[PDB]
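This report concerns only the one structure given below.
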Amino acid sequence: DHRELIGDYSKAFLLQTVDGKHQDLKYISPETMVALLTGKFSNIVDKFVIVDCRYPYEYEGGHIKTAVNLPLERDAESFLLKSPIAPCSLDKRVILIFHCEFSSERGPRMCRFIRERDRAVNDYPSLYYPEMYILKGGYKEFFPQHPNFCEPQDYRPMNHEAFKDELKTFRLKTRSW
Ligand code: MMC
Ligand SMILES: [Cl-]
């Protein structure tokens with residue numbers, strides 16, 4: 001591999017990465033997303049969690065099969081760090097994939113946050129989650145290409161004109177603005 005090692009310096013990144021806006025983050029394409037969902041890496045990957053950082057209305061409107069919705073910092077901390085998700089095999093890996101609508105703001109921030117807490121609660125340089133990726137293009141790019149991997153087969157934009165009140169309500173739930 002021509003790149004650096006993963007978070008705890010144990011080995012290299014498994015997946016092929018593409019270029020994305022945040023230069024220090026690892027991005028994967030929708031194609032690689034379908035590869036994991038179809039079991040292409042089942043020999044090596046024990047578990048991969050898809051974290052959709054969108055607001056609840058957006059997720060309900062249609063999300064990638066198997067994804068979990070964790071919009072608030074607190075929920076994510078609770079789901080991932082209280083009782084970490086471990087591989088059933090010493091040999092196998094655990095991988096996290098974050099995404100939002102455009103994978104421009106929400107997703108990358110959540111990725112950076114979980115990394116901060118993973119570092120904070122372990123002895124350097126161990127991590128519960130050494131390998132994390134962003135799905136480049138977010139749900140917006142994913143739906144029109146692989147609709148049968150989405151449930152329901154539909155797409156609800158955050159700015160959806162009929163969910164204006166729900167957006168405001170939701171933001172008043174956030175740790176900070
Ligand atoms: C760093 Hg994610
Ligand atoms: Cl929050």
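First listed ligand is number 1; within each ligand, the first listed atom is number 1. When a residue number appears, it is its place in the shown sequence, counting from 1. Just so it is clear, the values below take in all heavy atoms, side chains as well, and ignore hydrogens, waters and symmetry mates.
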Requested in this report: Give me the one residue out of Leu25, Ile50, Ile134 that meets side chain to side chain contact (heavy atoms under 4.5 Å, CB included) with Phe98.
Outcome: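 For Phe98, the side chain to side chain contact (heavy atoms under 4.5 Å, CB included) test succeeds with only one of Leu25, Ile50, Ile134, which is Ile134.
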Requested in this report: Nearest 0.5 Å please: distance from the CG atom of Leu127 over to the CD1 atom of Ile6.
Outcome: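 So the CG of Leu127 and the CD1 of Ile6 are separated by 8.5 Å.
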**Report entry** Side-chain donor/acceptor of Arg175 to backbone N/O of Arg74, under 3.5 Å
**Finding:**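 Absent.
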Query - Contact list for residues 41-51, test side-chain hydrogen bond (donor to acceptor under 3.5 Å, both in side chains), sequence neighbours left out - result: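 Checked against side-chain hydrogen bond (donor to acceptor under 3.5 Å, both in side chains) - neighbours excluded - no pair reaches residues 41-51.
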Query raised in the report: Ignoring water, what protein N, O or S atoms are under 3.0 Å from atom 2 (Hg) of ligand 1?
Result: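 Per the 3.0 Å query on atom 2 (Hg) of ligand 1, atoms found are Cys111 SG.
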Query raised in the report: Among side-chain atoms of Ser10 and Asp8, is any donor-acceptor pair under 3.5 angstrom?
Result: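 The answer is yes; a qualifying pair exists.
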Query raised in the report: Is the closest side-chain donor-acceptor distance between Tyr55 and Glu101 under 3.5 Å?
Result: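 Looking only at side-chain atoms, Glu101 and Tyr55 do not form any donor-acceptor pair under 3.5 Å.
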